[PDB]
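**Student:** Below: one structure in structure tokens.
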Amino acid sequence: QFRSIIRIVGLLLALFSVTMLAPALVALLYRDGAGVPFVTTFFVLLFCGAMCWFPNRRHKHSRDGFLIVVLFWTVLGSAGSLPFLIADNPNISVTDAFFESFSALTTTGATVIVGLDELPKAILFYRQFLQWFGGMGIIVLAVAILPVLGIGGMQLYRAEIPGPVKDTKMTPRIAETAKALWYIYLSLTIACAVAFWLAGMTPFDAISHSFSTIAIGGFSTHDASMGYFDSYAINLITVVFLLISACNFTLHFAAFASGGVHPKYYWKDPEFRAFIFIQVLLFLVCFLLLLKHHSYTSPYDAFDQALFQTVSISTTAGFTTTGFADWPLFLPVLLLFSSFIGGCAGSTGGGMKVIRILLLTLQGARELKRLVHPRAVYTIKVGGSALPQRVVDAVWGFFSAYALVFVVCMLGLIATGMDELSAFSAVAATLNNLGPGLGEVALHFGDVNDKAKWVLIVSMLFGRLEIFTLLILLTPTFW
Amino acid sequence: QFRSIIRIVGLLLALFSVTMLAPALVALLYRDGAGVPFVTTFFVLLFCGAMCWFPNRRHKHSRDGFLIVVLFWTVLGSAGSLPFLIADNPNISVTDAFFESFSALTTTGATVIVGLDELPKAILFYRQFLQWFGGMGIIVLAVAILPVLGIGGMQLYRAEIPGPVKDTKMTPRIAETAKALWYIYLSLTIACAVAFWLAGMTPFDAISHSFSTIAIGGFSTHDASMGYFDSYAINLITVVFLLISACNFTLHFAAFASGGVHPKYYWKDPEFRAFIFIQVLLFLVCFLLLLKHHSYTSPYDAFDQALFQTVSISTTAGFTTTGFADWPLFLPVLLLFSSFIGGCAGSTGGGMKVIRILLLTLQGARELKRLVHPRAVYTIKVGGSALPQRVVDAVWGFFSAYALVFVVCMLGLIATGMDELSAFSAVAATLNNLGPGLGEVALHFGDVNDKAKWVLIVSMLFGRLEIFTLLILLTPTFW
Amino acid sequence: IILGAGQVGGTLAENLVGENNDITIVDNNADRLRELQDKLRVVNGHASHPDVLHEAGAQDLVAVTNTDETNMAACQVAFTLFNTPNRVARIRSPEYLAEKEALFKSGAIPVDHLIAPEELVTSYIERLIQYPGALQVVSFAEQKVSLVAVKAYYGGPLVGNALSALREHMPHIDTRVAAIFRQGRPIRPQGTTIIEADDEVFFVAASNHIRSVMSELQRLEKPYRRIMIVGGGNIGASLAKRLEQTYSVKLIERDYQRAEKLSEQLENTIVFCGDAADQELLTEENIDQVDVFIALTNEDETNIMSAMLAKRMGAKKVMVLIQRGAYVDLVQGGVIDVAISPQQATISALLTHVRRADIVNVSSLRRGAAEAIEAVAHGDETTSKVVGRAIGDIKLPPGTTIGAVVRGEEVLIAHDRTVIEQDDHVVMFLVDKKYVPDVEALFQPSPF
Amino acid sequence: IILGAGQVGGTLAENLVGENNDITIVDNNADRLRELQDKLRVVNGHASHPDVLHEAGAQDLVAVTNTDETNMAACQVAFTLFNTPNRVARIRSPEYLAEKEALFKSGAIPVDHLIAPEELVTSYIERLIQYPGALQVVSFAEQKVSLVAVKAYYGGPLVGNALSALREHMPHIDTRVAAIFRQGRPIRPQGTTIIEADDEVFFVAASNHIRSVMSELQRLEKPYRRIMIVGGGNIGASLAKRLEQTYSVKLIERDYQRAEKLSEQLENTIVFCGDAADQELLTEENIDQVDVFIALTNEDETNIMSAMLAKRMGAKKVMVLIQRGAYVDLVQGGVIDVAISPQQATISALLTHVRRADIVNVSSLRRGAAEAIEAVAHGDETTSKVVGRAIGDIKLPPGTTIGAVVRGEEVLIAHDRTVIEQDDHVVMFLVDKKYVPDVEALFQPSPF
Ligand SMILES: Nc1ncnc2c1ncn2[C@@H]1O[C@H](COP(=O)(O)OP(=O)(O)OP(O)(O)=S)[C@@H](O)[C@H]1O
Ligand SMILES: Nc1ncnc2c1ncn2[C@@H]1O[C@H](COP(=O)(O)OP(=O)(O)OP(O)(O)=S)[C@@H](O)[C@H]1O
Ligand SMILES: Nc1ncnc2c1ncn2[C@@H]1O[C@H](COP(=O)(O)OP(=O)(O)OP(O)(O)=S)[C@@H](O)[C@H]1O
Ligand SMILES: Nc1ncnc2c1ncn2[C@@H]1O[C@H](COP(=O)(O)OP(=O)(O)OP(O)(O)=S)[C@@H](O)[C@H]1O
């Protein structure tokens, strides 16, 4: 039971160390950097990763799966903190580091380091790299290992997804989703990376910002995300590479199965059909409110600023190319509410994926119709066939658990000395995996108290794991 | 359809006018007061109520029922503002008046009049009288006319819920629930009223505060609710007469059926069995946090202050016998969240009645068990027999609609110049029919903007009607 | 007076007649009746019509139809118009039990004694769980004495040892081997017999102290903790309603609409929806930690092919419910540890009412020709051949061996040095049942 | 391409995959399919619709539904619109056989090879009657070689004797013990092994001279004369229409309207109307002179409780028809002499078409983990590890033992001194079936 689990753990710790080399390689390829902590970590982890599985090389085979994936982030997230503790260039506390470790790996993007512009170019690669690794992590888990467990978030998902579209050669439940999806992952990171080079910026910022936009990310090598270069091209690439990277990757599986027959696979998936409309209606209303307010002198800037902010905040991306200066207070609030409807399910993703909201809007209106025609029979339209009552329950129990954690995690931040508004601005930003505080006056996560910076870590996991995955850990039935 | 409806409307307007006489009678038995607007209103309404139903005395017989009850409060609520508009002693504006009219009739209890202590003793009776009238209104509706409609929210409400326990006969409806329930209503108001006299206070404050506790309103003839006389008896009577008045009145029908066989009827109802635990655990935790904080010098006051505040805020009563001075900021927030768990269904109460929460807690844990045992068959325990899938749907669509209105009504108050925190403090206080703003000693409803007071009226109805009753009004299927 | 030629009526009609008692059976099924008429007088009958029932009863009650409702009418027709004595009538449908007190303790319905089959088997199954390691538990007319059967394996304290080699110590509470079943056929216990592997060693034990016996022989394994069932029918639900309070129950029902009511009726039980052979469900729900796998379905084939699987995965124990009672020995032993029969338990209860005050009471241990019996010795030494004479000095018919003696409320284990006193209930093991009216004639008192 | 996840499809899907061959099964029963998907690629399918059937067949036939009619459509849909090769489709309903020549030898329906279950079992049952004393007869892909199983008792020429003690004489036609089944579990034959009582001794014998083998071992009892059957269904009538011409048949059918047509269709047979357990009918019709009591009903429980009775009265032999094939060893032996399975015979015929030209042919002797196989040795001594090397010098996996070698049309019994030549069909006994791709990799020729 526990034995073969620790085999998996030490095995991944070793694999994490192999990742530590690529940062330190840059701290010697580049001339601005510090490599000793990465190579100090590479060794100590390889040992501590090896020490656990050598006496445990004994192999043996649901209760197994929930406890693995909370260890997959607990173990790897803690290990991620080590480089920051050692390096004195950003002398930063332990909890500030564990936070930045989790915030990176969990693809959150909430930072606690001030003035990272001039920080070494070696620690600046490791932060963005950890988002890439957690970017791959969510994909392999969301589409493969996690659905089987019982929490899907994947079109029709309860525990029965063959991917529906091109459900072929699915035999290896995870061994051909990690292999096949990587090519989409790499072919997406490079395309944007060289595109940023064609926008003009340095190779480093060109690449290490692709690690950040392809995965849900949110990170930057500049304090301001994409205001470093207020150029329409970079925004218009970051916009299209968040919309393309946000939706179901099994719909990006419309390219690796007999070439490019995309449009039928994409548009006939109701989740993508609602991802566009929710994305358009947001930017559309966030545009007319800017034009009516004359917040920006020329409607090209307003178009640029809005169309990026709605698609960087509703996709859980977390990129801030503005300060909402001329924006009504009433816009950062609306955008934060739009954070819940994050990227389409099965992808680097927000708190309640489009379907969870789509299923929620569908079912909520049926409850409005039945009120007049009580003796009528109604069904759900989303897919080809109406949903099983299991899935409709698995959405509405997910909303309940969500607003159960979000309230307990809130009265937990209030007690540590924060204020009602800042707590809400924090947990809604971490439960959904959106780094920005998002208010007219932002939350800057350095000011957050030490004990809260733990509750935020506790919370950003809850969002990254489907909330139930960790909520059942403290159930009596599971143990 | 509309013809016989206006007959009902003008018929009720006449009955409302007959109510106007009792206040003015006090403004002549007392002569510290102004009675002319009540007698001016009595006439003008009687005409305007009679003018509609005389040419419409034509009699004729679900779509009928939803449109009646939005008129029962829209019409009566507007008519309630008239006395305040006419009288110059309040010097109250129109929107301040419509608000105080609705706040009174909707049993909300949120006031916009400063220094009502020295206001005339005639207008001071009318405010409490309107809470009494809306106190009776919810009872006849919730137990009788509303359940038939399909939004009963009373035990196993859904459409079919014909009297629940000791439901014998029941063929006459509204009319066999308006007559019989009045005796409980009157026999409960007098009992507290003379009890306040035995506490020592004046007849007026003794009586006109009974109209308010029984109707779960929260009004007062003093700016401070029950701090006017910080006596344990008045608190301990107001506590016990809110707990007794908050529970199911169909369970208070355990006294008019062959004498006093109470305890079996009461305790075998799971709503009352959860009303106690939720009420105890609240006050229990709201007490230990006061004792650990030394907010009050002697633990008898802390017991007095706490045990009153948890049972005046989580029963939607809205009485304030304190200023939360020595209370942590983190206590008014927790109490405000407890407002959503309003009084038991079938009684004058707040938004998500115990069952809605009880059903929600029941179902939310089942979804946690199934995650480990996917192939198991689970059911709901609440009653004798498990609930139909219709009812479980009718709670989870109610939570969805609730947090759909609560967010639109919030981004509607934000735009009118309020702040994020005060909006939440306002709509959660009005949607739940609470009254007091709560928070770190905050909302005073005079400061609220003119176009927010309208939205607040828009909201306090949404809570008083079961949210769907008015939400379907704007559906295409209903029209 | 009976009304059946079924396994109940046929097994009775065979067991009860030793010329000691006289009866008349009724059945519209001629080919089965005159076959069952061999095994006395046969009244061909239509329902409970008085012509057949009522006329047969006076001047010339057990009612075992397909249905309960027909049976109730027959006891009322006999009670209303003749006022007949006794009247035992089987009633299966649960609700007639659920309101039994209201109905029956009001005297409305005339059943003097009930035989509710679903209740008897489910109480019995709980009786095995209580003593872990017991294959079968045998009940006699006297509640005080009872046999407990165990299984001898390689490495057991009882394999290969000489019987008398265990009789040299009498530690604390004592026992005695009254029967030995091996290979399906019966071996009567002797001093020369050796306990080979995979035997059904039937120990004697006072009903009060059964657990004490099995722990002194080191055979009382750890108490069962986790149980698994497979039937959602009348026996499956009754057993769950009895075990969820003391044991960790899991149920498997393949009919949803019935799986839902089991979720309502059972508060602390986990009922499922699946077929018994669903390997995924058995693996997914931790069957390698099951202690016993009761299978209580309609088809005996399904119980076996599923209880064989649960042992294979495997469970610690397995139990099936072979509906017809004729094969209990055949399926039992080996892979499937225990096999239960309702028609070797329904008939077990009927032979305790009929035989009341008689010379012999036929035990629940009837399998094949072998059956355990309890014989009553009336009369002082002057009017009885078998009273006062020591056990070793009774010229019992071949195969018969005395195992114990019940005197009032105290169980005396049979020893060769024991004296049979008057009005005793002697417990013994017959290998061959054709000898009863020899025993029935031996113990029976001579004319008074 | 299959269309079943049943015992046929599941047993195939388990047996056929050694990476030697690749297939895709179809079934709308998800819980059974993805369970059967363990045992390759699964196409969820609705009937024989071309989307599932036709698209799967080309660029990416066995059809085993509940019905024959659906199966015929599937072979036509695959033959009409793609022109797919082979196409074996099971057809059960008799009339599709009665006009098979008109239909099938006209090429109208596209079945390349038929698997008519009623025909295969009934031919098989006649194959046991022909060799009296044979418990089971095993058939391989090569018609020439076959195993014959016998039962060793006390007083038998083969009990307690040393195996090699029988190998010292090679009289006339010779034999060899390829397998030994005892207590339900398999014992591979060794020189050190002794033949204990109540064993299933599986002798090897050339299919031509089987009777000769059994008479040289003195086990060929007198030819059967009087037969008794109990099924009036598809197998019961077919067997009667085959035996009334050579054996004295009696049939027992409990449905009159079907008992009449059996009187019309069978000229020289006596069909009856009765239940199988009707003691009167079995006694009245001289069952103590029955030589074999085939029982061919729907319910396996009924066959046993009746074939056990016929042995008790008793008949000389008994045979049942355990419908599901998973229990053949469990019921067999002891009281019931022989147990037959259609789904261990229907699958036996399917593994002779699929495996054609392949390395291994899975015999009809599959029970539990043990199965007999036939391995083909291709290639001269330069491209094969196992050719030319003497049998005693092959490092076979554990439990595997060679029993014979088929070379063209002549059966060479395996002796330790024998040489395996090229293109041989070696017959051997695997005690454990997890070793096939070891054998499948041993005999298989290295790259050419
Ligand atoms: N109308 C009837 N009147 C009398 N007996 C009836 C009637 N209908 C059915 N039977 C009885 O039906 C019986 C056969 O079915 P059952 O006995 O119900 O099966 P069974 O109960 O499993 O077998 P048992 O329990 O050993 S009697 C015979 O005893 C028949 O007499
Ligand atoms: N193959 C099977 N696997 C699991 N459960 C089954 C299977 N077949 C039947 N059952 C269950 O057993 C039930 C049969 O119960 P009923 O026939 O209504 O009463 P009963 O259970 O036959 O009576 P008893 O006491 O069990 S003999 C079905 O309704 C299912 O609940
Ligand atoms: N419309 C259908 N299309 C495809 N398969 C069907 C259909 N209806 C029934 N089945 C098959 O029905 C089978 C289960 O019943 P059967 O196989 O007929 O029982 P069985 O034949 O005794 O078991 P076998 O012989 O081992 S397949 C599964 O293989 C199902 O796929
Ligand atoms: N208890 C029984 N005793 C004797 N014959 C029986 C009994 N039950 C059924 N039968 C006979 O067996 C027949 C069942 O045959 P069908 O179901 O039509 O075809 P089938 O015989 O099941 O197919 P197979 O090849 O025998 S599995 C009945 O119609 C009777 O002829």
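Labels used: A, B, ... for chains in the order of the structure tokens, numbers from 1 for residues in each chain, and numbers from 1 for ligands as shown.
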Could you list, as a list in words, all residues that come within 6 Å of ligand 2? Count only C-alpha atoms and all ligand atoms.
**Tutor:**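 The neighbouring residues of ligand 2 are, in order, residues 118, 230, 231, 232, 233, 234, 235, 253, 254, 255, 275, 276, 296, 297, 298 and 302 of chain C.
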**Student:** For segment 147-163 of chain C, please output as a PyMOL selection string all residues within 9 Å (counting only C-alpha atoms; exclusion window: fewer than 2 positions along the same chain).
**Tutor:** chain C and resi 133-140+145+165-167+177-179+189-207+210+214+217-219+333+365
**Student:** Pull out every residue of chain D that has at least one atom within 10 Å of chain C, counting only C-alpha atoms, and report them as an NGL selection string.
**Tutor:** :D and (31-32 or 34-35 or 274-275 or 278-280 or 299-301 or 304-305 or 326-327 or 330-331 or 335)
**Student:** Can you work out which residues are within 7 Å of ligand 3, considering only C-alpha atoms and all ligand atoms, and then hand them over as a ChimeraX atom specification?
**Tutor:** /D:3-9,27-29,45-48,64-67,343
**Student:** Go ahead and write the selection's residues with N, CA and C atoms as an mmCIF file, in the first residue's frame.
**Tutor:**
data_model
loop_
_atom_site.group_PDB
_atom_site.id
_atom_site.type_symbol
_atom_site.label_atom_id
_atom_site.label_comp_id
_atom_site.auth_asym_id
_atom_site.auth_seq_id
_atom_site.Cartn_x
_atom_site.Cartn_y
_atom_site.Cartn_z
ATOM 1 N N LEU D 3 -16.889 -10.110 -32.391
ATOM 2 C CA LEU D 3 -18.010 -9.267 -31.999
ATOM 3 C C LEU D 3 -18.570 -9.739 -30.655
ATOM 4 N N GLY D 4 -17.749 -10.364 -29.826
ATOM 5 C CA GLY D 4 -18.219 -10.825 -28.535
ATOM 6 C C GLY D 4 -17.203 -10.645 -27.429
ATOM 7 N N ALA D 5 -17.735 -10.383 -26.234
ATOM 8 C CA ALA D 5 -16.990 -10.393 -24.984
ATOM 9 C C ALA D 5 -17.520 -11.478 -24.051
ATOM 10 N N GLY D 6 -18.112 -12.530 -24.614
ATOM 11 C CA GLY D 6 -18.628 -13.631 -23.833
ATOM 12 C C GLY D 6 -17.562 -14.682 -23.593
ATOM 13 N N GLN D 7 -17.996 -15.814 -23.026
ATOM 14 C CA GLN D 7 -17.060 -16.902 -22.753
ATOM 15 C C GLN D 7 -16.318 -17.336 -24.006
ATOM 16 N N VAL D 8 -16.973 -17.280 -25.165
ATOM 17 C CA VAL D 8 -16.280 -17.511 -26.429
ATOM 18 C C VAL D 8 -15.275 -16.398 -26.688
ATOM 19 N N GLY D 9 -15.758 -15.160 -26.776
ATOM 20 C CA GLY D 9 -14.866 -14.052 -27.069
ATOM 21 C C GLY D 9 -13.813 -13.848 -25.997
ATOM 22 N N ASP D 27 -18.145 -5.113 -28.520
ATOM 23 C CA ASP D 27 -19.262 -5.476 -27.657
ATOM 24 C C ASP D 27 -19.870 -4.250 -26.988
ATOM 25 N N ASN D 28 -21.204 -4.176 -26.987
ATOM 26 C CA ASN D 28 -21.917 -3.067 -26.370
ATOM 27 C C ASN D 28 -21.943 -3.167 -24.852
ATOM 28 N N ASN D 29 -21.478 -4.282 -24.291
ATOM 29 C CA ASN D 29 -21.513 -4.513 -22.849
ATOM 30 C C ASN D 29 -20.179 -4.031 -22.296
ATOM 31 N N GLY D 45 -19.559 -1.193 -30.232
ATOM 32 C CA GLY D 45 -20.341 -1.410 -31.433
ATOM 33 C C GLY D 45 -21.810 -1.633 -31.159
ATOM 34 N N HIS D 46 -22.617 -1.212 -32.127
ATOM 35 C CA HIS D 46 -24.057 -1.420 -32.148
ATOM 36 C C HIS D 46 -24.373 -2.332 -33.327
ATOM 37 N N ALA D 47 -24.930 -3.511 -33.034
ATOM 38 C CA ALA D 47 -25.239 -4.521 -34.045
ATOM 39 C C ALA D 47 -24.082 -4.712 -35.020
ATOM 40 N N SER D 48 -24.399 -4.922 -36.298
ATOM 41 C CA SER D 48 -23.409 -5.102 -37.353
ATOM 42 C C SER D 48 -23.279 -3.855 -38.216
ATOM 43 N N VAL D 64 -20.157 -13.381 -32.788
ATOM 44 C CA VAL D 64 -20.661 -14.214 -31.701
ATOM 45 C C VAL D 64 -21.604 -13.355 -30.861
ATOM 46 N N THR D 65 -22.772 -13.050 -31.415
ATOM 47 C CA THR D 65 -23.769 -12.312 -30.664
ATOM 48 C C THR D 65 -24.578 -13.291 -29.823
ATOM 49 N N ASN D 66 -25.701 -12.807 -29.299
ATOM 50 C CA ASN D 66 -26.753 -13.700 -28.838
ATOM 51 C C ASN D 66 -27.427 -14.427 -29.999
ATOM 52 N N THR D 67 -27.596 -13.770 -31.148
ATOM 53 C CA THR D 67 -28.343 -14.356 -32.253
ATOM 54 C C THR D 67 -27.483 -14.662 -33.484
ATOM 55 N N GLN D 343 -19.330 -24.720 -24.381
ATOM 56 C CA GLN D 343 -18.409 -23.595 -24.453
ATOM 57 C C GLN D 343 -16.979 -23.973 -24.103
#
**Student:** Near chain B, meaning an atom within 7 Å, which residues of chain C appear when counting only C-alpha atoms? Write them as a compact mmCIF listing (two decimals) with N, CA, C and O atoms, in the first residue's frame.
**Tutor:**
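Written output follows (result_21.txt):
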# COMPACT_ATOMS: atom_id res chain seq x y z
N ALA C 259 -31.73 -2.04 -5.30
CA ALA C 259 -30.54 -1.54 -4.62
C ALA C 259 -30.81 -0.21 -3.93
O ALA C 259 -30.16 0.11 -2.93
N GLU C 260 -31.76 0.58 -4.44
CA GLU C 260 -32.10 1.85 -3.80
C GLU C 260 -32.80 1.65 -2.47
O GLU C 260 -32.44 2.28 -1.46
N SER C 263 -30.63 0.87 0.17
CA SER C 263 -29.94 2.04 0.70
C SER C 263 -30.82 2.80 1.69
O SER C 263 -30.30 3.41 2.62
N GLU C 264 -32.14 2.75 1.50
CA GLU C 264 -33.03 3.42 2.45
C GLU C 264 -33.20 2.60 3.72
O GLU C 264 -33.08 3.13 4.83
N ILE C 270 -23.30 -0.58 3.21
CA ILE C 270 -22.96 -0.13 1.87
C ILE C 270 -23.52 -1.18 0.92
O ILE C 270 -23.01 -2.30 0.84
N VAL C 271 -24.55 -0.80 0.18
CA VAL C 271 -25.15 -1.65 -0.84
C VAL C 271 -24.61 -1.17 -2.18
O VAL C 271 -24.29 0.01 -2.35
N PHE C 272 -24.52 -2.09 -3.13
CA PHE C 272 -23.88 -1.79 -4.40
C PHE C 272 -24.84 -2.11 -5.52
O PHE C 272 -25.98 -2.54 -5.31
N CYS C 273 -24.36 -1.93 -6.75
CA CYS C 273 -25.06 -2.35 -7.95
C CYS C 273 -24.04 -3.06 -8.83
O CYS C 273 -23.18 -2.42 -9.44
**Student:** For chain A, which residues have at least one atom within 7 Å of chain B, if we go by only C-alpha atoms? Write them as a ChimeraX atom specification, please.
**Tutor:** /A:62-63,150,330,364,367-369,371-372,394,396-397,400,411,414-415,421,472,477-478
**Student:** Can you spit out the residues from that selection as a tab-separated table (two decimals), in the first residue's frame, using N, CA, C and O atoms?
**Tutor:**
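Produced file again_4.tsv, reproduced below:
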chain	number	residue	atom	x	y	z
A	62	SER	N	-8.17	2.90	-6.37
A	62	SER	CA	-8.53	4.31	-6.34
A	62	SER	C	-7.89	5.01	-5.15
A	62	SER	O	-7.27	6.07	-5.30
A	63	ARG	N	-8.06	4.42	-3.96
A	63	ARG	CA	-7.39	4.92	-2.76
A	63	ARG	C	-5.89	5.10	-2.97
A	63	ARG	O	-5.26	5.91	-2.28
A	150	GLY	N	-11.98	9.64	-10.70
A	150	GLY	CA	-13.31	10.05	-10.31
A	150	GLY	C	-13.63	11.53	-10.36
A	150	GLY	O	-14.79	11.91	-10.22
A	330	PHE	N	-14.98	49.00	-10.82
A	330	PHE	CA	-15.97	48.02	-11.20
A	330	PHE	C	-15.48	47.08	-12.31
A	330	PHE	O	-16.17	46.11	-12.63
A	364	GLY	N	-29.11	25.24	-14.47
A	364	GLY	CA	-29.81	26.27	-13.73
A	364	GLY	C	-31.03	26.80	-14.45
A	364	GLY	O	-32.01	27.20	-13.81
A	367	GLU	N	-33.97	24.23	-14.22
A	367	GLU	CA	-34.68	24.46	-12.97
A	367	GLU	C	-35.59	25.68	-13.04
A	367	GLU	O	-36.52	25.78	-12.24
A	368	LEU	N	-35.35	26.59	-13.98
A	368	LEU	CA	-36.27	27.71	-14.15
A	368	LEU	C	-37.46	27.33	-15.01
A	368	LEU	O	-38.57	27.83	-14.79
A	369	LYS	N	-37.26	26.43	-15.98
A	369	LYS	CA	-38.37	25.99	-16.83
A	369	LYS	C	-39.32	25.07	-16.07
A	369	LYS	O	-40.54	25.26	-16.11
A	371	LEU	N	-40.24	25.02	-13.25
A	371	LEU	CA	-41.10	25.73	-12.32
A	371	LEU	C	-42.47	26.04	-12.91
A	371	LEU	O	-43.45	26.16	-12.16
A	372	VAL	N	-42.57	26.12	-14.23
A	372	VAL	CA	-43.83	26.40	-14.91
A	372	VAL	C	-44.46	25.12	-15.46
A	372	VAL	O	-45.68	24.95	-15.41
A	394	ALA	N	-21.87	15.72	-9.89
A	394	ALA	CA	-20.45	15.98	-9.70
A	394	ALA	C	-20.06	17.40	-10.08
A	394	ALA	O	-18.93	17.81	-9.78
A	396	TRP	N	-22.49	20.04	-9.26
A	396	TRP	CA	-23.15	20.76	-8.18
A	396	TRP	C	-22.60	20.42	-6.80
A	396	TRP	O	-22.78	21.21	-5.87
A	397	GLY	N	-21.93	19.28	-6.65
A	397	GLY	CA	-21.19	19.07	-5.42
A	397	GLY	C	-19.85	19.75	-5.45
A	397	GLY	O	-19.29	20.05	-4.39
A	400	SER	N	-20.45	23.38	-4.40
A	400	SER	CA	-20.62	23.45	-2.96
A	400	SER	C	-19.28	23.38	-2.25
A	400	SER	O	-18.95	24.23	-1.41
A	411	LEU	N	-12.15	32.97	6.24
A	411	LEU	CA	-12.15	33.21	7.68
A	411	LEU	C	-10.91	32.68	8.36
A	411	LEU	O	-10.82	32.76	9.59
A	414	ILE	N	-8.68	36.05	7.42
A	414	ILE	CA	-9.12	37.20	8.20
A	414	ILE	C	-8.48	37.16	9.58
A	414	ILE	O	-7.96	38.17	10.07
A	415	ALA	N	-8.45	35.98	10.20
A	415	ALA	CA	-7.93	35.86	11.56
A	415	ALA	C	-6.47	36.28	11.64
A	415	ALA	O	-6.05	36.86	12.64
A	421	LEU	N	-11.70	42.39	2.47
A	421	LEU	CA	-11.55	42.58	1.03
A	421	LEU	C	-10.28	41.92	0.51
A	421	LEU	O	-10.31	41.22	-0.50
A	472	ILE	N	-11.10	14.85	0.16
A	472	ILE	CA	-11.41	13.52	0.68
A	472	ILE	C	-10.29	12.99	1.56
A	472	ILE	O	-10.50	12.03	2.31
A	477	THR	N	-14.03	8.02	5.68
A	477	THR	CA	-14.24	6.87	4.82
A	477	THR	C	-12.97	6.53	4.04
A	477	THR	O	-12.69	5.35	3.80
A	478	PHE	N	-12.20	7.54	3.63
A	478	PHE	CA	-10.97	7.27	2.89
A	478	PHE	C	-9.94	6.55	3.75
A	478	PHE	O	-9.32	5.57	3.30
**Student:** Of the candidates B:142, B:226, B:86, B:429, which one gets nearest to residue 316 of chain B if we count only C-alpha atoms?
**Tutor:**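 Closest to residue 316 of chain B, using only C-alpha atoms: B:429.
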